[PDB]
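Listed below, chain by chain, are the residues.
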Amino acid sequence: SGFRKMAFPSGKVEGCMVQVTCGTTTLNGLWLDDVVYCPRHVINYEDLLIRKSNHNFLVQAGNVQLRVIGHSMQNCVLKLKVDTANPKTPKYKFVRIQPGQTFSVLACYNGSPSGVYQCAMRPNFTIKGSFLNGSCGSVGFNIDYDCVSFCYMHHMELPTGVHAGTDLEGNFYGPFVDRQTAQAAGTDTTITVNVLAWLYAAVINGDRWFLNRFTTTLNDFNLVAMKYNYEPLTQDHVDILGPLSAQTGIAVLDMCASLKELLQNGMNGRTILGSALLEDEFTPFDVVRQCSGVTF
Amino acid sequence: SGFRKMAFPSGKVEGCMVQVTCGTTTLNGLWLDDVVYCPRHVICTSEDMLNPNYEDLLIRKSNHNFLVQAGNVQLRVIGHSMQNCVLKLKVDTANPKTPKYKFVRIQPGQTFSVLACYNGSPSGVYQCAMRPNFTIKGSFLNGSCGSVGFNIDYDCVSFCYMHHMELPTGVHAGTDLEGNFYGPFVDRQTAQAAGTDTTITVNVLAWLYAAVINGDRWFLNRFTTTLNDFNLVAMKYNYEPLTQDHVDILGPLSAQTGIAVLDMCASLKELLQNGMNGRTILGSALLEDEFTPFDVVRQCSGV
Ligand SMILES: CC(C)(O)c1ccc2cncc(NC(=O)[C@@H]3CCNc4ccc(Cl)cc43)c2c1
Ligand SMILES: CC(C)(O)c1ccc2cncc(NC(=O)[C@@H]3CCNc4ccc(Cl)cc43)c2c1
Ligand SMILES: [Cl-]
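Thresholds applied
- Residues numbered from 1 in each chain as written, not as in the entry; some residues may be left out.
- Chains lettered and ligands numbered in written order.
- Heavy atoms only, no water.
- Pairing = 2+ DSSP bridges.
- Helix = DSSP H or I, 4+ residues; strand = E, 2+ residues; numbered from the N terminus.
- Axes fitted to C-alpha atoms, helices over the stretch in contact; angles between N-to-C directions.
- Salt bridge = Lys/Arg side-chain N within 4 Å of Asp/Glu carboxyl O.
- Buried < 20%, exposed > 50% of the residue type's maximum accessible area, 1.4 Å probe, protein only.
- Parallel < 35°, antiparallel > 145°, perpendicular 65-115°, else oblique.
- Contact = heavy atoms within 4.5 Å.
- Core = buried A, V, L, I, M, F, W, Y, C linked by side-chain atoms within 4.5 Å.
- Buried area = accessible area lost by both parts, 1.4 Å probe.
- Near = heavy atom within 4 Å.
- Polar contact = N/O pair within 3.5 Å; in protein donor to acceptor, adjacent residues only side chain to side chain.
- Areas by Shrake-Rupley, 256 points an atom, 1.4 Å probe, with all protein chains shown as cover.
- Nonpolar A, V, L, I, M, F, W, Y, C, P; charged D, E, K, R; others polar.

The name the PDB entry gives chain B is 3C-like proteinase, with Severe acute respiratory syndrome coronavirus 2 as the organism.

Taking the PDB entry as the reference, chain A is identified by name as 3C-like proteinase belonging to Severe acute respiratory syndrome coronavirus 2.

**Student:** Could you clarify how one ought to interpret the sheet that holds strand β5 (residues 64-66) of chain A in this entry?
**Tutor:** The pairing of strands in a sheet comes from backbone hydrogen bonds and takes either a parallel or an antiparallel form. Residues and elements named next belong to chain A. Spatial ordering of the open sheet is given by β5-β4-β1-β2-β3-β7-β6, a layout of 7 strands whose pairing is antiparallel. Of all strands in the sheet, those with a lone pairing partner are β5 and β6 (68-74), marking the two edges. Across the sheet, the mean angle from the axis of one strand to that of its neighbour is 30°, orientation sign disregarded. Judged from the 3 bridges that link them, strand β2 (residues 25-32) and strand β3 (residues 35-39) form a sheet pairing that is antiparallel. Paired with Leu32 across the strands is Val35, a residue of β3.

**Student:** I would appreciate a short explanation of the pattern of salt bridges in the present structure.
**Tutor:** Should their charged atoms come close, side chains of opposite charge can pair. Residue and element names in this part refer to chain A. Tallied over the entire structure, the rule returns 21 salt bridges over all chains. Across the pair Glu279 and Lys5 runs a salt bridge whose closest N-O atoms are separated by 2.8 Å. The salt bridge involving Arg122 is made with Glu281; its shortest N-O contact spans 2.9 Å. Here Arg122 is found in the loop between β10 (112-120) and β11 (139-144), whereas its partner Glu281 is found in the loop between α7 (252-265) and α8 (284-290), with 159 residues between them in sequence. A relative accessible area of 4% means that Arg122 is categorised as buried. On the accessibility criterion, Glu281 (5% relative accessible area) is buried.

**Student:** Teacher, can you tell me more about the packing of helix α3 (residues 201-213) of chain B against helix α7 (residues 261-274) of chain B here?
**Tutor:** Each pair of packed helices gets described by two things: the angle between the helix axes and the distance between those axes. All names here are of chain B. Between α3 and α7, the least distance of the axes is 10 Å, while the angle of their chain directions is 100°. With respect to α7, the axis of α3 lies roughly perpendicular. Packed against α3, whose contacting residues are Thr201, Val204, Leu205, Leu208, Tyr209 and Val212, the element α7 presents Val261, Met264, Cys265, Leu268 and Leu271 at the interface.

**Student:** I would appreciate a short explanation of the nonpolar core in the present structure.
**Tutor:** Soluble globular proteins tend to pack their nonpolar side chains together in the buried interior. With 40 residues, the main nonpolar core has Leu30(A), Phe150(A), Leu30(B) and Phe159(B) as its most contacted residues. With near-sequence residues (within four places) excluded, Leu30(A) lies in contact with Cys16(A), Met17(A), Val18(A), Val35(A), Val36(A), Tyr37(A), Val139(A), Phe150(A), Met153(A) and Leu168(A). The next biggest cluster of nonpolar side chains, apart from the first, holds 36 residues, and it includes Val204(B), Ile213(B), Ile259(B) and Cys300(B).

**Student:** Which parts of the structure should I look at to understand the interface of chain B and chain A?
**Tutor:** One frequently used descriptor of interface size is the decrease in accessible area upon assembly of the parts. Taken together, the contact between chain B and chain A spans 40 residues of the former and 41 residues of the latter. Summed over both partners, the interface of chain B with chain A comes to about 2800 Å²; 53% of that surface belongs to carbon and sulfur atoms. Summed over the three residues of chain B that lose the most area to chain A, namely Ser1(B), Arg4(B) and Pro9(B), the buried surface amounts to 25% of that side. Counting the contacts that link chain B with chain A gives 2 salt bridges. The salt bridge partner of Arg4(B) is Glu281(A), with a shortest N-O separation of 2.9 Å. At the level of secondary structure, the elements contributing two or more residues to the side of chain B that touches chain A comprise α1 (11-14), β9 (111-118), β10 (121-129) and α8 (293-299) of chain B.

**Student:** Which parts of the structure should I look at to understand the site of ligand 2?
**Tutor:** Residue and element names in this part refer to chain B. Taken together, 13 residues lie near ligand 2, and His163, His164, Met165, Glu166 and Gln189 sit nearest. The contact in question runs from a nitrogen atom of ligand 2 to an N or O atom on the side chain of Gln189, over 2.9 Å. Alone, ligand 2 offers 570 Å² of accessible surface; in the complex the protein occludes 70% of this. When its residues are assigned to classes, the shell around ligand 2 shows 5 nonpolar, 6 polar and 2 charged.

**Student:** What's the story with the packing of helix α3 (residues 192-204) of chain A against α7(A) in this structure? I'm lost.
**Tutor:** Residue and element names in this part refer to chain A. One can describe the packing of α3 onto α7 by two numbers: an axis separation of 10 Å at closest approach and a directional angle of 100°. As the angle between them shows, α3 and α7 are arranged roughly perpendicular. Residue-level inspection shows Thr192, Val195, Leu196, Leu199, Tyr200 and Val203 of α3 in contact with α7, the latter providing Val252, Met255, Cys256, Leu259 and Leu262. Classifying every residue of the contact of α3 with α7 gives 10 nonpolar, 1 polar and no charged.

Here it is, written out as structure tokens:
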């Protein structure tokens, strides 16, 4: 029993974190094989980069200096070829995630990991992270079997205190740019499929006060959800919730009627899994994995 | 900016997790140097748990009855001893991945990271706190016994918890790494129940200072309180008494924000009376008590 915001074990990623310094800027890099990946803002990026020599980039792995033997830019990521291959390189993939998907973040400063937390890519493409100055280059990941799927690299903080970054191929999530200009997060919405997954997690853990005898259609549910700034629920979302619906005996549209009632009436002084707000940062897969004990 | 329930990076602990099997029971062990530490109930059947005589069950076991697996390698047990509710299995191989470590016994209100494991394999990491009633609100399934709680301030891992059991309310009970239980619990299937739980007051205050550091002051008021009047009000909401030690510990956060501890206490009194009126504090509609003054200073900015 119990339900926590759980992150993947970070060990396979910790062994890849390095510190990258160029001039007066110090940030984090990801060392995989003989390449160090980091935000290109550490250095017109083509014009600024062509003026740099390999020895201008100082890369430190623990108490050992790695020597940069080459450099290239791919979108908003700088790839620094080093002379030493990381002996701790895990099995890995670079994957681009969609809004609503979750991942673990290993927050680092000066190439040293300080903490790990779980978060979701918001529908407005920002992440509600916990980052201070020097955290640039910290990475987001998931683990599938023994393979680390890197999905995020931290680049910046927006004026509202939320965060923006790229995939490991340097493509930003959202309409953001890596420079000092007027940028703002768009109006955010609630990830509906995730709230429903969390409601199924509450039922699995014995919290059932919000269940009712009613059902709804997908269309009537979507009309109500649009009014409360909830993301539209698709047939794909209904299909993805199938396993949780079979384990609890509560049809997806049956749970949608509970959600409709919670949006229209509130919680009435009651909590769900120790929360007075409807939680949207657990996917259906996260609920299944935590309520089944999947290991890595 | 931002404030999250943040756990310590788990790598140093992952390299210590092993699987321990005795008869039909399989659980997790912690391999540090040439010793594997695990809950002593690994030698019990379900029937034995009603009234186990651990000394009698242990004397019937030899070294080769304990199977210890580290990854895909079997470790050989060359000795065994019991220390309180922990079994210590001497193995023939020292763990090459043994980090710098200490065994520390924590007090209620203290936080720590948990690496939840099954079959000697880590599945997840989360942050939690030792409740005033000595239980932890964890996320543990059957097979998670032997999973450990820790802090990593600098390069040293301080092991503070080993998971032993789940109570009827769904909360969890365990021991320090010397096998002494936290709370009045026994590693026996007996009618045990968690005592009435209370809110960790010093931690709620720390989290209110974290909200001020991050730019939110809506909850402050023009009042102050004496420590005794604060505690008379706090006890009515099932909040732990606030001691002079707690006031001292909040000193640094009080200096960084310019808000006296008893003025923050007055704000807490008003939040308990009024609720939040549709507002949130650091993205929460409830008063959060699982961040210590130390965790706030660690995660929040100095400016
Ligand atoms: C407020 C403060 C100290 O600058 C800060 C506070 C918290 C931060 C958290 N995560 C990242 C940060 N860096 C940036 O956002 C950097 C520096 C500012 N300008 C800028 C412009 C473009 C790009 Cl791609 C990056 C940055 C943080 C910075
Ligand atoms: C209730 C259920 C399914 O057995 C379960 C569910 C979740 C659990 C989570 N963490 C540990 C668990 N094991 C125990 O509590 C074991 C087995 C039952 N009795 C018992 C009595 C005393 C002692 Cl010291 C240990 C145990 C869990 C078990
Ligand atoms: Cl302590």
